[PDB]
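For reference, the chain that follows is the form deposited in one PDB entry, supplied as structure tokens.
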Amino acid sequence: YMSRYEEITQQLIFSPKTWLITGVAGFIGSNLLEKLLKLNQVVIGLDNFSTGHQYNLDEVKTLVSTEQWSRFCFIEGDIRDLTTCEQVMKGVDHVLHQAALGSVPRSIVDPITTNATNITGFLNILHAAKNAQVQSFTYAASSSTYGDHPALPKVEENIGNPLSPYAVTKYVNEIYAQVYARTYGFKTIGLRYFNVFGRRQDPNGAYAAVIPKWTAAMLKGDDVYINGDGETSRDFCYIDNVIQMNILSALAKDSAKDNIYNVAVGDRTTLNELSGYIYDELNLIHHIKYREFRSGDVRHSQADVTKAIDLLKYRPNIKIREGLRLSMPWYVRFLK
């Protein structure tokens, strides 16, 4: 059961609102679009197809009715342009801001481009939303905001130094959100995502996340590379857990706003465990080498999600094996 969550989605079904999703053509965005359209919401979407894909939009369309898709207004455009930000904001109740350039290695090769989309574009959306006086604003933050802080599990109040240009960008997101609360009274919720996975996560390109990458590699019969001894560990968070936290945040009482929340399960899985999980799941529906640790890699990562549970009534009910079970058939179809 997902019960404050069930009650809210029930309520959305009876009383549609207007939502903005930036990054709507992307992994998390397109999953939010699918859920909102099935709740019969009115969705305004923004994307420049930098890392996102028309084919994601095309997939959502074949999963919703004609009438539900008629409530989707898609604008191809860039959050780095303030005018565009202000146009897509007209009439909007709830902002779900997911548009960013993720990937730590990307940000090291080209910090300029990562800065402009993740800081400039983020500020544009935050400032448009504040001017338009939307009901809520929730943005994608990042567990890389923990930086070099040694605590584990990671608790929201205790962060360290950021370790890459990417991490600076997501941290600045939070500090700006905080300043906007203070200066204009505009209260927002930042969501520190941890290793999100599930359908429509891109398995291609140099920056592919491990789950999609390894899944694609298993299905092609290509080498699955483990960086290190394999005892490195993550709190992998199935996509529905994130959808859940986004909707809970858009509809949070005022006292829950101007807050950061970890979004994860609270569990740790090793790379050695993961590899066996993926393989075991793929091989029910049909069809490895060790190398150097990646440089400047975090050894172990795990969220404390107590704050989300207590203040938003989050239930992290989809754990990693269930998540892989649910994600694997989408990869099988996509790759074949």
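So that the term is clear: the rigid core is the largest set of C-alpha atoms that superpose within 1.5 Å between two forms. Numbers for residues come from their place in the sequence shown, where the first is 1.
Where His287 is followed by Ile288 in the displayed chain, the model omits 4 to 9 of the deposited residues that sit between the two. Comparing 220-228 with 245-253, the stretch with the higher mean C-alpha B-factor in the PDB entry is 220-228. Higher mean CA temperature factor between 208-216 and 176-184: 208-216, per the PDB entry.
Listed residues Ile28, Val305, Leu271, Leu57 were ranked by CA B-factor as deposited; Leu271 comes out on top. Ranked by Cα temperature factor within the chain, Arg71 sits in the middle third according to the deposited record.
Sort the chain's modelled residues by C-alpha temperature factor and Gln87 lands in the highest third, per the entry.
When the CA B factors of the chain's modelled residues are split into thirds, the value for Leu312 lands in the middle one. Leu33 sits in the lowest third of its chain by CA B factor, as recorded in the PDB entry. When the CA B factors of the chain's modelled residues are split into thirds, the value for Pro16 lands in the highest one.
Below: the form deposited in another entry, not depicted.
Just one of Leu57, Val42, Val298, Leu311 moves its Cα by 2 Å or more between this form and the one not shown on a rigid core overlay, and this residue is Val298.
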